[PDB]
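Enquirer: Numbering-wise, the sequence shown is residues 2 to 167, 178 to 224, 229 to 304, 316 to 393, 402 to 435 according to the entry's author numbering.
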Amino acid sequence: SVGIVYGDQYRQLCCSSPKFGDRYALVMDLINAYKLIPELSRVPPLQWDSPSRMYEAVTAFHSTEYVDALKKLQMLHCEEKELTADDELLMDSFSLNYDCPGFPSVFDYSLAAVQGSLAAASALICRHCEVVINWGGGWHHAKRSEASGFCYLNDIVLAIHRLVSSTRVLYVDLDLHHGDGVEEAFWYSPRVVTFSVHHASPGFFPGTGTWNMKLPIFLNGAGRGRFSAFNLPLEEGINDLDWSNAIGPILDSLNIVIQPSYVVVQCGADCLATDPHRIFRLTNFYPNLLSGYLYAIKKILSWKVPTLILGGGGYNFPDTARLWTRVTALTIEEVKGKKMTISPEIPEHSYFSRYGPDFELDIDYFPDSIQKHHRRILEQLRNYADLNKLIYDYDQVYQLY
Ligand SMILES: O=C(NO)c1cn(-c2cc(Cl)ccc2Oc2ccc(F)cc2)nn1
Ligand SMILES: [K+]
Ligand SMILES: [K+]
Ligand SMILES: [Zn+2]
């Protein structure tokens, strides 16, 4: 069974931010327009019975002072007065500025994603669902005491913490950007293995997930977490097939060696060829019998491990809905076995006009370094397995590449 996080108030809050606008409404309404909702179990966002319980949940990762400042930022933006000099300094000390500004619902908006992803983790733990989707979540850049990349609270870190505290988790980050906040949270933890594939290049946000400065080294975790943070930075312009071939054997080898209890996938849509970043050239194409995204999700779901699928980046809202609608239909198909039939034409619904001018489900796109990374990653995986007394066929894994 496949769950999906939704609710009336949740939708309103997920649509209340200045950067992401009504994206979540387009996503859920396109899923609904394609008649997928009856196949999915609604997972209600988590609520608490007191402010103390909410604070206890969020400060399992974030500092109390950061959570206080974020709540104060919302309060200050609900009045018409400007911030005092001292309040500006306070907000700047948590990077609550620039690309992470305040707005009247900023705390409720950020908290909603946490509520959604925590409920999704719980649904997996109690075996209510085999997969849960949360397209309102996936905010991988937020740090313990710092907003980053329009991520204010790290719903992913909190969801993973709930999963491990119930056990190994494999986290897979498909966003265009490095999953730095999740990687940092579990830097010292061998039980949460993180793997991000992303673009990296000089000056490109957030800057990590690649060689860093003698001669540059690839960091991969620390303490008992040594070798437990994996990264695959890729040059711009990569297409569906090359991205699939780059990530495929890594994913299979991580699953073989780690044998995760849970998989958490961040599925940010900014690798699409039609994202305004214009960096990678992935699609949402799906042969009627191939999108890098759909390739990766189908492979992960074939492992039959309880899986959380989250959203993330994606600044072309209709094309993000086009992709996540196909991910949703694929999840139903792989988990249930029930074939899912999706018309090539966008169905009439509230946001139909946003899919002009051609109103198709396919996005409007005409389609050695990696060998070195594979050897480095395969070596790190062996080192990880040696440090953690795990054993595996050091030949069947090698064969995968
Ligand atoms: O999605 C993200 N990470 O997961 C993410 C993306 N940025 C980001 C960083 C810089 Cl310096 C500039 C624009 C950024 O976003 C965009 C890019 C294009 C756009 F049309 C709308 C938003 N920051 N975080
Ligand atoms: K990524
Ligand atoms: K780790
Ligand atoms: Zn991104």
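Note that CB positions come from ideal geometry on N, CA and C, so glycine has one too.
Looking at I368: is its Cβ nearer than 8 Å to the Cβ of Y110?
Expert: No.
Enquirer: In or out: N299 buried (at least 16 other Cβ within 10 Å) or exposed?
Expert: Label assigned to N299: buried.
Enquirer: Less than 8 Å between C-beta atoms, sequence neighbours within five positions excluded: which residues of the same chain meet that for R410?
Expert: Correct list, in chain order: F233.
Enquirer: Taking 7 Å as the line, does the beta carbon of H210 fall inside it for any heavy atom of ligand 4?
Expert: Not so, every heavy atom of ligand 4 lies at least 7 Å from the Cβ.
Enquirer: Please classify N303: is it buried, with 16 or more other beta-carbons within 10 angstroms of its beta-carbon, or exposed?
Expert: Classification for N303: exposed.
Enquirer: Are the beta-carbon atoms of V278 and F245 separated by less than 8 Å?
Expert: Result no, Cβ atoms of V278 and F245 do not sit closer than 8 Å.
Enquirer: What separation, rounded to the nearest whole angstrom, lies between the Cα atoms of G318 and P383?
Expert: Distance between the alpha carbons of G318 and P383: 25 Å.
Enquirer: Nearest CA to the CA of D388: which residue from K406, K82, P373 and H408?
Expert: Among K406, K82, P373 and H408, the Cα nearest to that of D388 is on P373.
Enquirer: Verify whether the separation of the beta carbon atoms of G263 and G340 is less than 8 Å.
Expert: No.
Enquirer: Distance check for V133 and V6, CA to CA, integer angstroms please.
Expert: Each residue's Cα considered, the two are about 8 Å apart.
Enquirer: Just how far apart, CA to CA, sit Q430 and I271?
Expert: Using only the alpha carbons, I get a separation of about 9 Å.
Enquirer: Skipping 5 residues on each side, what residues in its chain have a beta carbon closer than 7 Å to that of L356?
Expert: If we look at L356 and ignore the five residues flanking it on each side, its Cβ neighbours are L320, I323 and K324.
Enquirer: Please classify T178: is it buried, with 16 or more other beta-carbons within 10 angstroms of its beta-carbon, or exposed?
Expert: Exposed, because fewer than 16 other Cβ atoms sit within 10 Å of the Cβ of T178.
Enquirer: Can you round the beta-carbon distance between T346 and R24 to whole angstroms, since I take them to be within the 8 Å contact cut?
Expert: Contact holds; Cβ gap of about 6 Å.
Enquirer: Residue range of the alpha helix (DSSP H) that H78 falls in?
Expert: Note, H78: alpha helix (DSSP H), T65 to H78.
Enquirer: If you draw a straight line from the C-alpha of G220 to the C-alpha of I265, how long is it?
Expert: Each residue's Cα considered, the two are about 16 Å apart.
Enquirer: In the DSSP assignment, the beta strand (DSSP E) including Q281 goes from what residue to what residue?
Expert: Its beta strand (DSSP E) spans residues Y277 to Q281.
Enquirer: DSSP three-state label for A34, please.
Expert: Here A34 sits in helix by DSSP.
Enquirer: Answer with buried or exposed for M29, where buried requires no fewer than 16 other C-beta atoms within 10 angstroms of its C-beta.
Expert: By the 10 Å Cβ count, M29 comes out buried.
Enquirer: Starting from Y182, trace the beta strand (DSSP E) in both directions and tell me its first and last residue.
Expert: Element bounds for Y182: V180 to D184.
Enquirer: Under 8 Å between the Cβ atoms of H129 and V193?
Expert: Not closer than 8 Å, so no.
Enquirer: Suppose you measure from the CA of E80 to the CA of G8; what does that come to, to the nearest Å?
Expert: So the two alpha carbons sit approximately 28 Å from each other.
Enquirer: Taking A143 as the reference, which of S212, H78 and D100 has the closest Cα?
Expert: Nearest option by C-alpha distance: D100.
Enquirer: Using only CA atoms, which one of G137, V208 and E195 lies nearest to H188?
Expert: The candidate whose alpha carbon is nearest that of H188 is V208.
Enquirer: Is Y11 near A121, with beta carbons less than 8 Å apart?
Expert: Not closer than 8 Å, so no.
Enquirer: State the start and end residues of the unbroken alpha helix (DSSP H) segment that holds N270.
Expert: Here the alpha helix (DSSP H) through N270 covers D255 to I273.
Enquirer: Expressed to the nearest angstrom, what Euclidean distance is found between the alpha-carbon atoms of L91 and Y67?
Expert: Those two C-alpha atoms are separated by around 10 Å.
Enquirer: Can you list, in chain order, every residue whose CB sits closer than 5 Å to a heavy atom of ligand 4?
Expert: Qualifying residues, in the order they occur: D186, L187, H188, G283, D285 and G339.
Enquirer: Tell me whether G22 counts as near ligand 2, meaning its Cβ is closer than 7 Å to at least one heavy atom of that ligand.
Expert: Not under cutoff, so the answer is no.
Enquirer: Can you determine whether any heavy atom of ligand 2 sits closer than 7 Å to the C-beta of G318, and answer yes or no?
Expert: Incorrect: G318 has no Cβ contact closer than 7 Å to ligand 2.
Enquirer: For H162, report the span of its beta strand (DSSP E) as first-last.
Expert: First-last for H162: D156 to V165, but that is the alpha helix (DSSP H), not the beta strand (DSSP E).
Enquirer: For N254 versus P291, is the C-beta distance shorter than 8 Å?
Expert: No. Outside cutoff.
Enquirer: Alpha carbons only, please: which of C16, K72, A86 and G117 is nearest the one belonging to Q48?
Expert: The option with the nearest alpha carbon to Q48 is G117.
Enquirer: Classify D93: buried if its beta carbon has 16 or more other beta carbons within 10 angstroms, exposed otherwise.
Expert: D93 comes out exposed.
Enquirer: Please tell me whether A160 and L334 are closer than 8 Å, where the distance is taken between their beta carbons.
Expert: Taking 8 Å as the Cβ cut-off, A160 and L334 qualify as a contacting pair.
Enquirer: Consider the C-beta atom of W49 and the heavy atoms of ligand 3; say whether any pair is separated by less than 7 Å.
Expert: Flag unset: Cβ of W49 not near ligand 3.
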